[PDB]
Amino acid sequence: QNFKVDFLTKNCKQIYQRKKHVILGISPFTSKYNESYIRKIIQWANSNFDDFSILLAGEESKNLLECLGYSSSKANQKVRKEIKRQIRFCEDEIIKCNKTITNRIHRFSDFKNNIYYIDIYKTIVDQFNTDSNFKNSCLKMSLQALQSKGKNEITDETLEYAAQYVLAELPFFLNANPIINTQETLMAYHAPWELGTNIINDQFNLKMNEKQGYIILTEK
């Protein structure tokens, strides 16, 4: 309504049309995902869709801070502080929407012991070690993730560590449906997803599920 929506595929537009469910991806330490914006996207999700979920950064976000020169303890402290801050803003907006918070907000670290996430994560890690092209594509995303969180050095070793985050986040981008228990869903973000473009152009041994999309939200 107040957002221009772009699509990764034609199938994403078909899913979007149906308005069954959306995943609002909120990012840590980024300038965009501020109290004002976070509210906007929730009000938008709420108004247009039957249901929505929020996906916040997982534990593996420490890795990104460690690569930006942070102590393993200092990184876990900054991660906890940010996620709690994000949770408090999100919970406030969900109440304003007269919706329950219970099972609405997730982290990509929450489904570590979920059989469906375990399967998808394994299949992705296998490709990361076998497929050389995919490994590179991941490291490019790791490099962008380090840049985007540049508020407060780089080597190929640094990028393999930062890739642990990418790998952990990925199962929600390919097939979130059996993990968060949805029929069909869209992962909504503010920028395009280069890895996804390549996934969609069958460049790897991984596939984004038919009941799964990716949309780009730009403020009107």
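All residue numbers are counted from 1 along the displayed sequence.
The segment from residue 152 to residue 153 is interrupted, since 4 to 9 residues of the deposited sequence in that interval carry no coordinates. Just going by the entry, 17-25 versus 193-201 on mean CA temperature factor gives the higher value to 193-201. Mean CA temperature factor is higher for 139-147 when stretches 139-147 and 106-114 are set side by side in the entry. Taking the PDB entry at face value, the top CA B factor among 183, 53, 46, 164 belongs to 164. The PDB entry gives the largest Cα B-factor of the residues 168, 67, 42, 187 to 67. Compared with the other modelled residues of the chain, the Cα B-factor recorded for residue 158 ranks in the highest third.
Sort the modelled residues of the chain by CA B factor and residue 36 lands in the middle third. Remark: residue 96 belongs to the lowest third of its chain, ranked by C-alpha B-factor as recorded. Among all modelled residues in this chain, the alpha-carbon of residue 10 has a temperature factor (C-alpha) in the middle third.
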